[PDB]
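Q: Coordinates in run.cif, mmCIF, N, CA, C and O atoms and all ligand atoms, are listed below.
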```cif
data_protein
#
loop_
_atom_site.label_atom_id
_atom_site.label_comp_id
_atom_site.auth_asym_id
_atom_site.auth_seq_id
_atom_site.Cartn_x
_atom_site.Cartn_y
_atom_site.Cartn_z
N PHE A 80 -15.86 0.01 -3.25
CA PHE A 80 -15.37 1.24 -3.88
C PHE A 80 -14.84 0.94 -5.27
O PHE A 80 -14.48 -0.16 -5.56
N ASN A 81 -14.82 1.93 -6.13
CA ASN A 81 -14.35 1.72 -7.48
C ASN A 81 -12.92 2.26 -7.73
O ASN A 81 -12.73 3.44 -7.95
N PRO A 82 -11.94 1.38 -7.67
CA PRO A 82 -10.55 1.84 -7.83
C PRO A 82 -10.29 2.43 -9.22
O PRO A 82 -9.45 3.33 -9.39
N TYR A 83 -11.01 1.92 -10.21
CA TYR A 83 -10.82 2.37 -11.59
C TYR A 83 -11.21 3.83 -11.82
O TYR A 83 -10.54 4.54 -12.59
N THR A 84 -12.27 4.31 -11.17
CA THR A 84 -12.60 5.73 -11.27
C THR A 84 -11.81 6.60 -10.28
O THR A 84 -11.49 7.75 -10.59
N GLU A 85 -11.50 6.06 -9.11
CA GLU A 85 -10.78 6.83 -8.08
C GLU A 85 -9.30 7.04 -8.40
O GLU A 85 -8.72 8.06 -8.00
N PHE A 86 -8.68 6.07 -9.09
CA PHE A 86 -7.25 6.15 -9.42
C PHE A 86 -7.01 6.09 -10.93
O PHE A 86 -6.48 5.11 -11.46
N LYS A 87 -7.39 7.16 -11.63
CA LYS A 87 -7.34 7.16 -13.09
C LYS A 87 -5.93 7.19 -13.68
O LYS A 87 -5.76 6.97 -14.87
N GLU A 88 -4.92 7.44 -12.85
CA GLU A 88 -3.54 7.45 -13.34
C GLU A 88 -2.94 6.05 -13.54
O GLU A 88 -1.85 5.90 -14.11
N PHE A 89 -3.64 5.02 -13.06
CA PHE A 89 -3.16 3.64 -13.20
C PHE A 89 -4.03 2.87 -14.20
O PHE A 89 -5.26 3.01 -14.20
N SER A 90 -3.40 2.04 -15.03
CA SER A 90 -4.12 1.18 -15.96
C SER A 90 -4.82 0.10 -15.14
O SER A 90 -4.51 -0.07 -13.94
N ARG A 91 -5.75 -0.63 -15.75
CA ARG A 91 -6.43 -1.73 -15.05
C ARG A 91 -5.46 -2.86 -14.71
O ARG A 91 -5.59 -3.53 -13.68
N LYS A 92 -4.46 -3.04 -15.58
CA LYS A 92 -3.40 -4.02 -15.34
C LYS A 92 -2.63 -3.68 -14.06
O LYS A 92 -2.38 -4.55 -13.21
N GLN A 93 -2.27 -2.40 -13.92
CA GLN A 93 -1.50 -1.96 -12.75
C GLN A 93 -2.30 -2.10 -11.46
O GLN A 93 -1.77 -2.55 -10.44
N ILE A 94 -3.58 -1.71 -11.50
CA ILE A 94 -4.46 -1.83 -10.34
C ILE A 94 -4.63 -3.29 -9.90
O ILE A 94 -4.65 -3.59 -8.71
N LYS A 95 -4.74 -4.19 -10.87
CA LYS A 95 -4.86 -5.63 -10.58
C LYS A 95 -3.55 -6.21 -10.04
O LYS A 95 -3.57 -7.13 -9.21
N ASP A 96 -2.42 -5.69 -10.51
CA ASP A 96 -1.13 -6.08 -9.94
C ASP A 96 -1.05 -5.65 -8.48
O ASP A 96 -0.57 -6.40 -7.62
N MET A 97 -1.49 -4.43 -8.21
CA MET A 97 -1.51 -3.93 -6.83
C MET A 97 -2.45 -4.78 -6.00
O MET A 97 -2.18 -5.07 -4.83
N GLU A 98 -3.56 -5.21 -6.61
CA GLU A 98 -4.51 -6.04 -5.86
C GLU A 98 -3.87 -7.38 -5.55
O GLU A 98 -4.08 -7.95 -4.47
N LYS A 99 -3.09 -7.89 -6.51
CA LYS A 99 -2.41 -9.16 -6.30
C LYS A 99 -1.50 -9.10 -5.07
O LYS A 99 -1.51 -9.99 -4.22
N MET A 100 -0.73 -8.02 -4.97
CA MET A 100 0.20 -7.88 -3.86
C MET A 100 -0.55 -7.68 -2.54
O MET A 100 -0.20 -8.29 -1.52
N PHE A 101 -1.58 -6.83 -2.56
CA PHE A 101 -2.41 -6.60 -1.38
C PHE A 101 -2.96 -7.93 -0.85
O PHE A 101 -2.84 -8.22 0.35
N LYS A 102 -3.56 -8.73 -1.72
CA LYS A 102 -4.14 -9.99 -1.26
C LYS A 102 -3.08 -10.95 -0.72
O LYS A 102 -3.33 -11.70 0.21
N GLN A 103 -1.89 -10.90 -1.31
CA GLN A 103 -0.80 -11.77 -0.89
C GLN A 103 -0.43 -11.55 0.57
O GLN A 103 -0.06 -12.49 1.28
N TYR A 104 -0.57 -10.31 1.04
CA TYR A 104 -0.11 -9.96 2.39
C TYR A 104 -1.23 -9.76 3.41
O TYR A 104 -0.97 -9.64 4.61
N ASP A 105 -2.47 -9.75 2.93
CA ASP A 105 -3.63 -9.82 3.81
C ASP A 105 -3.83 -11.30 4.18
O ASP A 105 -4.72 -11.98 3.64
N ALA A 106 -2.98 -11.78 5.09
CA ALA A 106 -3.00 -13.18 5.51
C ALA A 106 -4.34 -13.54 6.14
O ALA A 106 -4.80 -14.68 6.02
N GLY A 107 -4.98 -12.57 6.79
CA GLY A 107 -6.25 -12.80 7.45
C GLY A 107 -7.49 -12.83 6.55
O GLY A 107 -8.56 -13.24 7.00
N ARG A 108 -7.34 -12.40 5.30
CA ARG A 108 -8.44 -12.39 4.33
C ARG A 108 -9.63 -11.50 4.73
O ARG A 108 -10.76 -11.77 4.33
N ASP A 109 -9.39 -10.44 5.50
CA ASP A 109 -10.49 -9.58 5.93
C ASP A 109 -10.63 -8.33 5.06
O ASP A 109 -11.56 -7.54 5.24
N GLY A 110 -9.70 -8.14 4.12
CA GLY A 110 -9.76 -6.99 3.23
C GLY A 110 -8.91 -5.82 3.71
O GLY A 110 -8.97 -4.73 3.14
N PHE A 111 -8.10 -6.05 4.75
CA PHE A 111 -7.20 -5.02 5.27
C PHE A 111 -5.80 -5.58 5.47
O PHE A 111 -5.62 -6.77 5.71
N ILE A 112 -4.80 -4.71 5.39
CA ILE A 112 -3.47 -5.06 5.88
C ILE A 112 -3.27 -4.29 7.20
O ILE A 112 -3.19 -3.05 7.20
N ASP A 113 -3.23 -5.02 8.31
CA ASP A 113 -3.06 -4.38 9.62
C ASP A 113 -1.58 -4.27 9.98
O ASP A 113 -0.71 -4.68 9.19
N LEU A 114 -1.29 -3.75 11.17
CA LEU A 114 0.09 -3.48 11.57
C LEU A 114 0.94 -4.75 11.57
O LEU A 114 2.09 -4.73 11.14
N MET A 115 0.39 -5.86 12.04
CA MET A 115 1.17 -7.09 12.12
C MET A 115 1.43 -7.68 10.73
O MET A 115 2.53 -8.19 10.44
N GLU A 116 0.43 -7.58 9.85
CA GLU A 116 0.59 -8.05 8.48
C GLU A 116 1.57 -7.18 7.70
O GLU A 116 2.35 -7.69 6.88
N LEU A 117 1.50 -5.92 7.99
CA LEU A 117 2.45 -5.04 7.30
C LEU A 117 3.87 -5.25 7.84
O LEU A 117 4.86 -5.20 7.08
N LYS A 118 4.03 -5.56 9.08
CA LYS A 118 5.34 -5.86 9.64
C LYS A 118 5.97 -7.03 8.90
O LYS A 118 7.14 -6.98 8.53
N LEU A 119 5.18 -8.08 8.66
CA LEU A 119 5.65 -9.26 7.94
C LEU A 119 6.00 -8.93 6.49
O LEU A 119 7.00 -9.41 5.95
N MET A 120 5.15 -8.12 5.85
CA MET A 120 5.41 -7.73 4.48
C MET A 120 6.77 -7.04 4.35
O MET A 120 7.57 -7.38 3.47
N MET A 121 7.03 -6.06 5.23
CA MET A 121 8.29 -5.33 5.15
C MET A 121 9.51 -6.25 5.42
O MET A 121 10.57 -6.10 4.80
N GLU A 122 9.36 -7.19 6.35
CA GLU A 122 10.40 -8.20 6.58
C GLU A 122 10.65 -9.07 5.35
O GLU A 122 11.80 -9.27 4.94
N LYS A 123 9.57 -9.58 4.76
CA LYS A 123 9.69 -10.45 3.57
C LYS A 123 10.34 -9.69 2.40
O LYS A 123 11.15 -10.25 1.65
N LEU A 124 10.06 -8.41 2.19
CA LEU A 124 10.64 -7.57 1.13
C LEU A 124 12.08 -7.16 1.47
O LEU A 124 12.85 -6.76 0.58
N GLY A 125 12.47 -7.36 2.69
CA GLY A 125 13.87 -7.15 3.03
C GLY A 125 14.16 -5.77 3.58
O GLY A 125 15.31 -5.30 3.52
N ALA A 126 13.13 -5.11 4.11
CA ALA A 126 13.28 -3.75 4.67
C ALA A 126 12.42 -3.56 5.93
O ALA A 126 11.50 -2.74 5.93
N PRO A 127 12.73 -4.32 6.99
CA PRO A 127 11.94 -4.30 8.23
C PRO A 127 11.93 -2.92 8.86
O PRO A 127 12.94 -2.20 8.80
N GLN A 128 10.79 -2.56 9.44
CA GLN A 128 10.60 -1.25 10.03
C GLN A 128 10.29 -1.40 11.52
O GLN A 128 9.92 -2.49 11.97
N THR A 129 10.46 -0.31 12.28
CA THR A 129 10.18 -0.33 13.72
C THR A 129 8.68 -0.30 13.95
O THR A 129 7.92 0.01 13.04
N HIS A 130 8.27 -0.59 15.18
CA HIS A 130 6.87 -0.53 15.61
C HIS A 130 6.17 0.76 15.17
O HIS A 130 5.17 0.75 14.42
N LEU A 131 6.70 1.88 15.66
CA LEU A 131 6.11 3.19 15.38
C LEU A 131 6.32 3.65 13.93
O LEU A 131 5.51 4.41 13.39
N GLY A 132 7.41 3.20 13.30
CA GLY A 132 7.63 3.48 11.89
C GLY A 132 6.48 2.87 11.07
O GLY A 132 5.93 3.51 10.16
N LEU A 133 6.11 1.64 11.42
CA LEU A 133 5.02 0.96 10.71
C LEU A 133 3.69 1.66 10.95
O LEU A 133 2.87 1.81 10.02
N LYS A 134 3.45 2.06 12.19
CA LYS A 134 2.25 2.83 12.54
C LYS A 134 2.15 4.12 11.74
O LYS A 134 1.06 4.51 11.30
N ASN A 135 3.27 4.81 11.58
CA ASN A 135 3.30 6.05 10.81
C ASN A 135 3.11 5.84 9.32
O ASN A 135 2.53 6.71 8.64
N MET A 136 3.60 4.71 8.79
CA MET A 136 3.31 4.35 7.39
C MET A 136 1.81 4.25 7.18
O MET A 136 1.26 4.76 6.19
N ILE A 137 1.13 3.58 8.11
CA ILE A 137 -0.32 3.41 7.98
C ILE A 137 -1.04 4.75 8.13
O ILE A 137 -1.94 5.08 7.35
N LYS A 138 -0.64 5.51 9.14
CA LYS A 138 -1.22 6.83 9.42
C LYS A 138 -1.22 7.75 8.20
O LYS A 138 -2.20 8.47 7.95
N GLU A 139 -0.12 7.74 7.45
CA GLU A 139 0.03 8.59 6.27
C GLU A 139 -1.04 8.39 5.18
O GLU A 139 -1.42 9.33 4.48
N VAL A 140 -1.56 7.17 5.04
CA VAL A 140 -2.50 6.90 3.94
C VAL A 140 -3.88 6.45 4.41
O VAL A 140 -4.77 6.25 3.59
N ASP A 141 -4.04 6.28 5.72
CA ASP A 141 -5.29 5.80 6.29
C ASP A 141 -6.30 6.94 6.40
O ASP A 141 -6.66 7.37 7.51
N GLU A 142 -6.76 7.43 5.25
CA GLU A 142 -7.64 8.60 5.22
C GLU A 142 -9.05 8.31 5.73
O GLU A 142 -9.79 9.22 6.11
N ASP A 143 -9.41 7.03 5.77
CA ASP A 143 -10.71 6.60 6.27
C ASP A 143 -10.69 6.17 7.75
O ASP A 143 -11.69 5.71 8.27
N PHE A 144 -9.54 6.34 8.41
CA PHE A 144 -9.41 5.96 9.82
C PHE A 144 -9.83 4.53 10.18
O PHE A 144 -10.51 4.31 11.20
N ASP A 145 -9.40 3.57 9.37
CA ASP A 145 -9.54 2.14 9.68
C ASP A 145 -8.50 1.66 10.71
O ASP A 145 -8.65 0.57 11.28
N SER A 146 -7.47 2.47 10.94
CA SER A 146 -6.29 2.08 11.74
C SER A 146 -5.56 0.87 11.15
O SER A 146 -4.80 0.16 11.83
N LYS A 147 -5.80 0.64 9.86
CA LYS A 147 -5.12 -0.37 9.08
C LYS A 147 -5.32 0.02 7.62
O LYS A 147 -6.03 0.98 7.33
N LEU A 148 -4.69 -0.71 6.69
CA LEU A 148 -4.73 -0.34 5.28
C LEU A 148 -5.86 -1.05 4.53
O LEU A 148 -5.81 -2.28 4.36
N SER A 149 -6.87 -0.30 4.09
CA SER A 149 -7.86 -0.83 3.13
C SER A 149 -7.19 -0.85 1.75
O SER A 149 -6.09 -0.32 1.59
N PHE A 150 -7.85 -1.43 0.75
CA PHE A 150 -7.24 -1.45 -0.59
C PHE A 150 -7.12 -0.01 -1.12
O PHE A 150 -6.20 0.31 -1.87
N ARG A 151 -8.06 0.85 -0.74
CA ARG A 151 -7.95 2.26 -1.12
C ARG A 151 -6.68 2.90 -0.54
O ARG A 151 -5.96 3.62 -1.24
N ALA A 152 -6.41 2.64 0.74
CA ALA A 152 -5.21 3.17 1.38
C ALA A 152 -3.95 2.64 0.68
O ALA A 152 -2.98 3.38 0.48
N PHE A 153 -3.97 1.37 0.30
CA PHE A 153 -2.85 0.73 -0.41
C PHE A 153 -2.58 1.41 -1.75
O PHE A 153 -1.42 1.70 -2.11
N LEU A 154 -3.66 1.66 -2.50
CA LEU A 154 -3.53 2.35 -3.79
C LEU A 154 -3.00 3.76 -3.61
O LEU A 154 -2.25 4.29 -4.47
N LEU A 155 -3.38 4.38 -2.49
CA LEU A 155 -2.95 5.75 -2.20
C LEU A 155 -1.42 5.80 -2.02
O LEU A 155 -0.79 6.80 -2.36
N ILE A 156 -0.83 4.73 -1.49
CA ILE A 156 0.63 4.68 -1.40
C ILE A 156 1.26 4.85 -2.79
O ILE A 156 2.21 5.64 -2.98
N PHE A 157 0.73 4.13 -3.76
CA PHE A 157 1.25 4.22 -5.13
C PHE A 157 0.93 5.55 -5.79
O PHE A 157 1.75 6.08 -6.54
N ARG A 158 -0.25 6.11 -5.49
CA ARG A 158 -0.55 7.46 -5.99
C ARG A 158 0.47 8.48 -5.49
O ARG A 158 1.00 9.29 -6.27
N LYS A 159 0.76 8.44 -4.19
CA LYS A 159 1.75 9.35 -3.61
C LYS A 159 3.14 9.09 -4.18
O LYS A 159 3.90 10.03 -4.44
N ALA A 160 3.46 7.82 -4.40
CA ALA A 160 4.76 7.47 -4.98
C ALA A 160 4.88 8.05 -6.39
O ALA A 160 5.87 8.71 -6.72
N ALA A 161 3.87 7.79 -7.21
CA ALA A 161 3.87 8.25 -8.59
C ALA A 161 3.85 9.78 -8.71
O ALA A 161 4.22 10.33 -9.75
N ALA A 162 3.41 10.46 -7.65
CA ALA A 162 3.32 11.92 -7.66
C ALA A 162 4.43 12.61 -6.86
O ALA A 162 4.35 13.82 -6.62
N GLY A 163 5.44 11.84 -6.44
CA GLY A 163 6.58 12.40 -5.73
C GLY A 163 6.30 12.91 -4.32
O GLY A 163 7.09 13.70 -3.77
N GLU A 164 5.19 12.47 -3.73
CA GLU A 164 4.77 12.99 -2.43
C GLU A 164 5.36 12.24 -1.24
O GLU A 164 5.22 12.68 -0.10
N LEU A 165 6.00 11.09 -1.49
CA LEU A 165 6.57 10.33 -0.37
C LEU A 165 7.95 10.88 0.01
O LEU A 165 8.73 11.28 -0.87
N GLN A 166 8.26 10.91 1.30
CA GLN A 166 9.58 11.34 1.72
C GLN A 166 10.63 10.34 1.26
O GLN A 166 10.42 9.12 1.32
N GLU A 167 11.75 10.87 0.79
CA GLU A 167 12.85 10.06 0.28
C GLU A 167 13.28 9.01 1.29
O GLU A 167 13.56 9.33 2.45
N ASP A 168 13.31 7.75 0.84
CA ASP A 168 13.78 6.61 1.66
C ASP A 168 12.92 6.33 2.89
O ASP A 168 13.32 5.55 3.74
N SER A 169 11.74 6.94 2.97
CA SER A 169 10.79 6.61 4.03
C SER A 169 10.25 5.19 3.85
O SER A 169 10.38 4.60 2.76
N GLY A 170 9.62 4.64 4.89
CA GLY A 170 8.99 3.32 4.82
C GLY A 170 8.06 3.14 3.62
O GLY A 170 8.10 2.12 2.91
N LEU A 171 7.21 4.13 3.37
CA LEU A 171 6.30 3.99 2.23
C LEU A 171 7.03 4.04 0.89
O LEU A 171 6.66 3.34 -0.06
N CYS A 172 8.07 4.89 0.79
CA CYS A 172 8.87 4.93 -0.44
C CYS A 172 9.45 3.54 -0.71
O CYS A 172 9.42 3.02 -1.83
N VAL A 173 9.99 2.93 0.34
CA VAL A 173 10.66 1.64 0.21
C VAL A 173 9.69 0.52 -0.20
O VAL A 173 10.01 -0.32 -1.06
N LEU A 174 8.52 0.51 0.43
CA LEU A 174 7.46 -0.43 0.06
C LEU A 174 7.17 -0.34 -1.43
O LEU A 174 7.16 -1.36 -2.14
N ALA A 175 6.94 0.87 -1.91
CA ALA A 175 6.58 1.05 -3.32
C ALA A 175 7.71 0.59 -4.24
O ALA A 175 7.46 0.00 -5.29
N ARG A 176 8.96 0.90 -3.86
CA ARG A 176 10.12 0.52 -4.66
C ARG A 176 10.27 -0.99 -4.76
O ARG A 176 10.50 -1.53 -5.83
N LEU A 177 10.16 -1.65 -3.61
CA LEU A 177 10.44 -3.09 -3.51
C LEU A 177 9.27 -3.96 -3.96
O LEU A 177 9.43 -5.17 -4.12
N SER A 178 8.11 -3.35 -4.14
CA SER A 178 6.93 -4.03 -4.67
C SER A 178 7.14 -4.53 -6.10
O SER A 178 6.43 -5.43 -6.55
N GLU A 179 8.09 -3.93 -6.81
CA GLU A 179 8.35 -4.27 -8.22
C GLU A 179 7.21 -3.84 -9.16
O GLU A 179 7.23 -4.16 -10.35
N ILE A 180 6.24 -3.11 -8.63
CA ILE A 180 5.23 -2.48 -9.47
C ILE A 180 5.74 -1.09 -9.88
O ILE A 180 5.87 -0.20 -9.03
N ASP A 181 6.04 -0.90 -11.16
CA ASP A 181 6.66 0.36 -11.60
C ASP A 181 5.60 1.42 -11.90
O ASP A 181 4.75 1.23 -12.77
N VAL A 182 5.65 2.53 -11.17
CA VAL A 182 4.69 3.62 -11.40
C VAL A 182 5.36 4.89 -11.92
O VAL A 182 4.77 5.97 -11.89
N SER A 183 6.64 4.78 -12.29
CA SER A 183 7.44 5.89 -12.80
C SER A 183 7.46 5.83 -14.31
O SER A 183 8.42 6.22 -14.96
N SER A 184 6.37 5.32 -14.82
CA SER A 184 6.08 5.12 -16.20
C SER A 184 6.91 5.83 -17.21
O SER A 184 8.13 5.51 -17.39
CA CA A 201 -5.85 -8.54 7.21
#
```
Would you kindly transcribe this structure into structure tokens?
Ligand SMILES: [Ca+2]
A:
Amino acid sequence: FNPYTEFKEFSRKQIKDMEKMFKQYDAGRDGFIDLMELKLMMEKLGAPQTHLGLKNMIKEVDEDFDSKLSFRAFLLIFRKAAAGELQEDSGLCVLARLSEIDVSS
């Protein structure tokens, strides 16, 4: 898929930064962040989430029904963040905040 045409609100630098973080936490190297990998990510960032909380984070952006996060789903988190669509202090809000990738340009 082409992230550059699908997510025109982000510069190529920003998309590559997001790719850097995505790859860092896809420990399995399969191109997805699954529930267990996302559990570890939230722990490492210092904001651990419950079983079902993590499932709901994935559900919110998993528009392709992978039951895990593709890179498209990951970018969608930042799109929702940048557009004010995430619930205040929700798991996805916290992920985007603690990622250190600034989308509040
Ligand atoms: Ca993976």
Q: Could you please write out, as number ranges by chain, every residue of region 87-173 of chain A that DSSP assigns to alpha helix (DSSP H)?
A: A: 91-104, 114-124, 130-140, 150-161, 170-173
Q: Would you please work out which residue, of A:163, A:127, A:132, A:110, is nearest to ligand CA 201 (chain A) when using all atoms listed in the file?
A: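 Ranking A:163, A:127, A:132, A:110 by distance to ligand CA 201 (chain A), first place goes to A:110.
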Q: In terms of the shortest atom-to-atom distance over only C-alpha atoms and all ligand atoms, which of A:123, A:159, A:102, A:176 is closest to ligand CA 201 (chain A)?
A: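 Of A:123, A:159, A:102, A:176, the one nearest ligand CA 201 (chain A) is A:102, counting only C-alpha atoms and all ligand atoms.
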Q: Please, which residues in chain A fall within 6 Å of ligand CA 201 (chain A) when counting only N, CA, C and O atoms and all ligand atoms, and what is the closest atom pair and distance in Å to one decimal for each, ordered by chain then residue number, as a Markdown table?
A:
```
| residue | atom | partner | partner_atom | distance |
| --- | --- | --- | --- | --- |
| A:104 | O | A:CA201 | CA | 5.6 |
| A:105 | CA | A:CA201 | CA | 4.3 |
| A:106 | N | A:CA201 | CA | 4.8 |
| A:107 | N | A:CA201 | CA | 4.1 |
| A:108 | N | A:CA201 | CA | 4.6 |
| A:109 | N | A:CA201 | CA | 4.4 |
| A:110 | N | A:CA201 | CA | 5.0 |
| A:111 | O | A:CA201 | CA | 2.3 |
| A:112 | N | A:CA201 | CA | 4.4 |
| A:113 | N | A:CA201 | CA | 4.5 |
```
Q: Given 4 Å on each side, where is the centre and what are the edge lengths in Å to one decimal of the axis-aligned box enclosing the listed atoms of region 166-177 of chain A, as AutoDock Vina command-line options?
A:
```
--center_x 10.0 --center_y 3.1 --center_z -0.5 --size_x 15.5 --size_y 24.5 --size_z 18.7
```
Q: So the first atom is atom C of residue 103 (chain A) and the second is atom O of residue 184 (chain A); what is the distance between them in Å, to one decimal place?
A: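 Between atom C of residue 103 (chain A) and atom O of residue 184 (chain A) the gap works out to 26.2 Å.
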Q: Could you tell me how far CA of residue 86 (chain A) lies from atom N of residue 158 (chain A), in Å and to one decimal?
A: 8.0 Å
Q: For residue 175 (chain A), which residue among A:156, A:151, A:162, A:117 is the nearest when counting all atoms listed in the file?
A: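 Checking each of A:156, A:151, A:162, A:117 against residue 175 (chain A), counting all atoms listed in the file, the winner is A:156.
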Q: Show me, as a PyMOL selection string, the residues that have an atom within 9 Å of residue 97 (chain A) when counting only C-alpha atoms, minus same-chain residues fewer than 5 positions from it.
A: chain A and resi 92+102+150+153-154+157+178+180
Q: What does the distance between CA of residue 82 (chain A) and CA of residue 99 (chain A) come to in Å, to one decimal place?
A: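 Between these atoms lies a distance of 13.8 Å.
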Q: Using only N, CA, C and O atoms, which of the listed residues (A:146, A:155, A:182, A:98) sits closest to residue 114 (chain A)?
A: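 Checking each of A:146, A:155, A:182, A:98 against residue 114 (chain A), counting only N, CA, C and O atoms, the winner is A:146.
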Q: Determine, counting only C-alpha atoms, which protein, DNA and RNA residues have an atom within 12 Å of an atom of residue 130 (chain A); residues of the same chain fewer than 6 positions away are not included. Present the result as a list in words.
A: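 Contacts, with the query itself left out: residues 114, 115, 117, 118, 119, 121, 136, 137 and 170 of chain A.
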Q: Which is closer to residue 140 (chain A) than all the others in A:126, A:160, A:177, A:152, using all atoms listed in the file?
A: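 That would be A:152, the residue with the smallest distance to residue 140 (chain A).
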Q: Go ahead and find all residues with at least one atom no further than 9 Å from (10.5, 4.3, 5.5) in the file's coordinates, using only C-alpha atoms; report them as a ChimeraX atom specification.
A: /A:126,128,132-133,136,166-174
